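# Structural characterization, general
Letter by letter, the chains look like this.
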Amino acid sequence: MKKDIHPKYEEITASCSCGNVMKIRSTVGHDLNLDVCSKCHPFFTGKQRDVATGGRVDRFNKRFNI
Amino acid sequence: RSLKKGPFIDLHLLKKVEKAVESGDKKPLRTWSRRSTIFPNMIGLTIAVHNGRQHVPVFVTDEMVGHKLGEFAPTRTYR
Amino acid sequence: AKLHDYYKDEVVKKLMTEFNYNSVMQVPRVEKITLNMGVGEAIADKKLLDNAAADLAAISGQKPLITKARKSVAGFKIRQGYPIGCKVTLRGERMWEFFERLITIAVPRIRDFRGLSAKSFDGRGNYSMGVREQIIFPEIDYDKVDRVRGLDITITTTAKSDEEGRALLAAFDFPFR
Amino acid sequence: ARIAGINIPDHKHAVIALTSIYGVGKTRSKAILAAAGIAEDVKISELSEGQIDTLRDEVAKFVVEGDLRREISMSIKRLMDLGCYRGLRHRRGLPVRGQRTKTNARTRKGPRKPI
RNA sequence: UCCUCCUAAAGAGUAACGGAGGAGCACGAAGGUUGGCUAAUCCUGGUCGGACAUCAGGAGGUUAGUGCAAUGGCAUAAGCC
RNA sequence: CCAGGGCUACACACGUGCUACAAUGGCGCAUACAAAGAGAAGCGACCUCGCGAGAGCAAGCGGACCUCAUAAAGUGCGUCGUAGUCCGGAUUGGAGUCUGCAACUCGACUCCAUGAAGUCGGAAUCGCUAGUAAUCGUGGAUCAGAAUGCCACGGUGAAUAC
RNA sequence: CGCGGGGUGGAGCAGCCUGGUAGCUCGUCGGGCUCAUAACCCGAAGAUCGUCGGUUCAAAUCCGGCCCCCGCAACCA
Ligand SMILES: [Mg+2]
Ligand SMILES: [Mg+2]
Ligand SMILES: [Mg+2]
Ligand SMILES: [Mg+2]
Ligand SMILES: [Mg+2]
Ligand SMILES: [Mg+2]
Ligand SMILES: [Mg+2]
Ligand SMILES: [Mg+2]
Ligand SMILES: [Mg+2]
Ligand SMILES: [Mg+2]
Ligand SMILES: [Mg+2]
Ligand SMILES: [Mg+2]
Ligand SMILES: [Mg+2]
Ligand SMILES: [Mg+2]
Ligand SMILES: [Mg+2]
Ligand SMILES: [Mg+2]
Ligand SMILES: [Mg+2]
Ligand SMILES: [Mg+2]
Ligand SMILES: [Mg+2]
Ligand SMILES: [Mg+2]
Ligand SMILES: [Mg+2]
Ligand SMILES: [Mg+2]
Ligand SMILES: [Mg+2]
Ligand SMILES: [Mg+2]
Ligand SMILES: [Mg+2]
Ligand SMILES: [Mg+2]
Ligand SMILES: [Mg+2]
Ligand SMILES: [Mg+2]
Ligand SMILES: [Mg+2]
Ligand SMILES: [Mg+2]
Ligand SMILES: [Mg+2]
Ligand SMILES: [Mg+2]
Ligand SMILES: [Mg+2]
Ligand SMILES: [Mg+2]
Ligand SMILES: [Mg+2]
Ligand SMILES: [Mg+2]
Ligand SMILES: [Mg+2]
Ligand SMILES: [Mg+2]
Ligand SMILES: [Mg+2]
Ligand SMILES: [Mg+2]
Ligand SMILES: [Mg+2]
Ligand SMILES: [Mg+2]
Ligand SMILES: [Mg+2]
Ligand SMILES: [Mg+2]
Ligand SMILES: [Mg+2]
Ligand SMILES: [Mg+2]
Ligand SMILES: [Mg+2]
Ligand SMILES: [Mg+2]
Ligand SMILES: [Mg+2]
Ligand SMILES: [Mg+2]
Ligand SMILES: [Mg+2]
Ligand SMILES: [Mg+2]
Ligand SMILES: [Mg+2]
């Protein structure tokens, strides 16, 4: 790479609230703080909870119950 | 929405549906009761709700349950 | 760095069993990731480009190329050799470093996320992502930018069919629909 | 200052900060800070990172942001597919809760047009 | 008055108040040279972004380009850097 | 005579209101002081259940006895610090409540989330001469239910009239 | 037939000469004032430029054809 023209591509430690510590290299500065990662994100459960939302007949039966 | 003491259907529509369902699918039922709710047993029937001047056929689906019959019969025509 | 070593050992060996490849070189490998940022609105404001360049330069490691307009067109009011967009064609070491940083931390931070498109292939194993916001990457400070601008990522491979190219990315634990 | 989808406020009280989340209002936000065990009078700048992680799991209980937006979009789209009175009301662009449509209804109908 | 094509009869030349178009300049880089490069137009995927701005690959291969008409010419590139 | 439907339609135009656009304000937690009413298929305590509409049990009163009924502005502390804002509270989705045979056309109210226009309004133009205008509550009549209307009631309380 | 010049909201005119976002005065429409109408005051809509084409990155504007419309010529025997 052309030295001088690029910004400082330094190593840093990512550490989310979940507990997954993870060293990477990027143009940020000193340290990082994250919310979610590839692990801990609700997509494997998300699709299970999102798809199974509908249901009108049981909602009627829960009110009447007879 | 109102009514927690049982969802409301007219005596005549309940007996007409119970008689229609046990026998089998046939034809659109003339009913004027728009006020009446839709039970789970009404699914499959193409009941004809009174819009005001004529009867509008309504094929009852899985979603059409908690909603009343008059919701599927526009009264006032526009454009 | 780690995903390149992971690829060499774990992924190749996984892909060798799927399509019973005769040679190790037959496995699809990831050639380059081309980030692109068609700022466009630089016609009115000239600095708005230089703002985008700095944001790509923040997102990627390296500094971007300002891409000129290929031909003049009336629809957008642009001429031959006018600076209309920005790009980065990062590959090799910093590419695998970016590719981890993309899928591992950035892609999760996409707003209203659900599942990335499986159909999105060119018919030759080359994938592309379209990120709506710059904020999804943690490099950009929140009280710095002042525009709902984004980029598009473009993963180029040495594959032959999108069927073949899907497995490559799928082997990295890449989120599909 | 990055919980749920968005939430990035600063120089604002914790109860009013969480109103900025889609799906969290005034009363819901007091139930968050009551369960998390945080004072309403403090602000996000004053708070530590050890306290913010508890807010993330608390708002995860309630349906918020893209989860909610789809739930609303589904329920409106459902009504239109049925072809009920409310669905016709929605797609025609006219008020739904039995409102006056003759003089007013400018919010739903939009601004004024020529004749 | 000058340039290009046809009329012009396979060297040159060749008229008409014959048939069609241009010129009265431009450029210290648009010259020199050295070292590189390859185009149109589509196809599919991709944020805002849509037929078309920018990106990726594939298809085609000079339909492109040549400071300005037309002609002849140019990949060794006379093309674009 | 009867079942529904309609009087509640909606490119638009005007009338009369109400709620706003905030900091003399908004939001909490405290606490101040009224009048005039109204009530027996009525008004309905107190206690329990309720996040709240309300749901039970039911005391009392055809009433200067009981009940609807804590008036709100206002003080006193707090906190937001001029932002489409902790202003506005429209609109929509969901979950409900009472009345009532029945609430979808087409009710009211509650809860939750949602958070539109609007930053004092073009030409014009209206009311008001003191407990008046202004602003904050409250009641009643019609009424099973359904006021921002109407009819009454009382708080704080101006400017100006050469 | 020959050489100038035109054709632009409903009307009459600019804008064309140097290609890039179409004005002016009336009329139409909405609201005011008035007992009402006019006048007057206040907003608003309304023309892809004769048409078929080419040139261009882009045409009301450049360049031809087609139809208008208007002027000037149409002479010596
Ligand atoms: Mg009709
Ligand atoms: Mg609210
Ligand atoms: Mg109402
Ligand atoms: Mg209505
Ligand atoms: Mg000469
Ligand atoms: Mg010849
Ligand atoms: Mg010859
Ligand atoms: Mg010869
Ligand atoms: Mg000649
Ligand atoms: Mg000439
Ligand atoms: Mg040169
Ligand atoms: Mg140069
Ligand atoms: Mg040259
Ligand atoms: Mg050379
Ligand atoms: Mg050298
Ligand atoms: Mg050529
Ligand atoms: Mg040539
Ligand atoms: Mg030849
Ligand atoms: Mg040269
Ligand atoms: Mg009426
Ligand atoms: Mg009503
Ligand atoms: Mg008006
Ligand atoms: Mg208020
Ligand atoms: Mg009394
Ligand atoms: Mg009491
Ligand atoms: Mg009580
Ligand atoms: Mg008590
Ligand atoms: Mg009670
Ligand atoms: Mg009395
Ligand atoms: Mg007593
Ligand atoms: Mg009362
Ligand atoms: Mg106070
Ligand atoms: Mg108070
Ligand atoms: Mg302000
Ligand atoms: Mg606004
Ligand atoms: Mg409020
Ligand atoms: Mg808001
Ligand atoms: Mg004011
Ligand atoms: Mg004023
Ligand atoms: Mg004024
Ligand atoms: Mg005035
Ligand atoms: Mg007056
Ligand atoms: Mg007087
Ligand atoms: Mg009042
Ligand atoms: Mg009241
Ligand atoms: Mg009463
Ligand atoms: Mg009232
Ligand atoms: Mg005209
Ligand atoms: Mg011009
Ligand atoms: Mg006029
Ligand atoms: Mg105009
Ligand atoms: Mg033009
Ligand atoms: Mg012409």
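Residues numbered from 1 in each chain as written, not as in the entry; some residues may be left out. Chains lettered and ligands numbered in written order. Part of a larger assembly, values for the part shown. Heavy atoms only, no water.

- Deposited coordinates in this entry are attributed by the record to cryo-EM, at a stated resolution of 3.1 Å.

- Chain D is annotated in the PDB entry as 30S ribosomal protein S13 from Escherichia coli.

- As recorded by the PDB entry, chain B carries the name 30S ribosomal protein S19 and is attributed to Escherichia coli.
- Taken directly from UniProt, the Sequence similarities text for chain B runs: "Belongs to the universal ribosomal protein uS19 family." (UniProt positions renumbered as here; feature names shortened; annotations may be inferred.)

### Some points on the overall build of chain D
- When its secondary structure is counted, chain D shows six helices and zero strands.
- Ordering the α and β elements of chain D from the N terminus gives α-α-α-α-α-α.
- Taking 13 Å as the expected radius of gyration for a compact globule of 115 residues, we find that chain D reaches 20 Å, considerably beyond that expectation.
- The buried share among the 115 residues of chain D stands at 32%.
- For chain D, the proportion of contacts with a sequence separation of at least 24, taken over those separated by at least 6, is 40%.
- Entry remark: accessible area of chain D is about 7400 Å², with carbon and sulfur atoms responsible for 52%. (Helix = DSSP H or I, 4+ residues; strand = E, 2+ residues; numbered from the N terminus. Rg over C-alpha atoms; globule rule 2.2 N^0.38 Å. Buried < 20%, exposed > 50% of the residue type's maximum accessible area, 1.4 Å probe, protein only. Contact = heavy atoms within 4.5 Å. Areas by Shrake-Rupley, 256 points an atom, 1.4 Å probe, with all protein chains shown as cover.)

### Concerning the protein's contact with RNA strand G
Residues and elements named next belong to chain C.
- Every residue close to RNA strand G is listed here: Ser72, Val73, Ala74 and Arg79.
- In RNA strand G, atoms within 4 Å of the protein come from the sugar-phosphate backbone in 47% of cases.
- Between a sugar or linking oxygen of RNA strand G and a main-chain N or O atom of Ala74, the distance comes to 2.7 Å.
- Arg79 places a polar side-chain atom, nitrogen or oxygen, 3.4 Å from a base nitrogen of RNA strand G.
- Of the residues in the surface near RNA strand G, the class split is two nonpolar, one polar and one charged. (Near = heavy atom within 4 Å. Polar contact = N/O pair within 3.5 Å; in protein donor to acceptor, adjacent residues only side chain to side chain. Nonpolar A, V, L, I, M, F, W, Y, C, P; charged D, E, K, R; others polar.)

### A word on unusual backbone geometry
Residue and element names in this part refer to chain D.
- Positioned with a positive phi, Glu65 is a non-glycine residue whose angle comes to about 60 degrees.
- Of note, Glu65 is situated in the loop between helix 3 (49-59) and helix 4 (66-82).
- Its identity is not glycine, yet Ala105 carries a phi of approximately 60 degrees, on the positive side.
- By the secondary structure assignment, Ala105 is in the loop between helix 5 (85-92) and helix 6 (106-109).

### Observations concerning the interface of chain D and chain B
- Each partner contributes to the interface: chain D provides nine residues, whereas chain B provides nine residues.
- Across the chain D/chain B interface, buried area totals approximately 730 Å², and carbon plus sulfur atoms make up 61% of it.
- Summed over the shared surface of chain D and chain B, the number is two residue pairs in polar contact.
- Those elements giving two or more residues to the side of chain D that touches chain B turn out to be helix 4 and helix 5 of chain D.
- Here the side of chain D that touches chain B takes four residues from helix 5 of chain D, the largest share from any one element.
- For the side of chain D that touches chain B, the class distribution of residues is five nonpolar, one polar and three charged. (Buried area = accessible area lost by both parts, 1.4 Å probe.)

### Concerning the packing of helix 2 (residues 26-36) of chain D against helix 3 of chain D
Residues and elements named next belong to chain D.
- Taken N-terminus to C-terminus, the directions of helix 2 and helix 3 make an angle of 125 degrees; their axes are 10 Å apart at the nearest point. Here helix 3 runs oblique to helix 2, going by the angle between their axes. Helix 2 and helix 3 meet at a crossing whose hand is right-handed. In this structure, helix 2 uses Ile32, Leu33, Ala35 and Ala36 to contact helix 3, whose residues at the interface are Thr54, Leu55, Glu58 and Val59. (Axes fitted to C-alpha atoms, helices over the stretch in contact; angles between N-to-C directions. Parallel < 35°, antiparallel > 145°, perpendicular 65-115°, else oblique. Left-handed = near helix turned anticlockwise from the far one by under 90°.)

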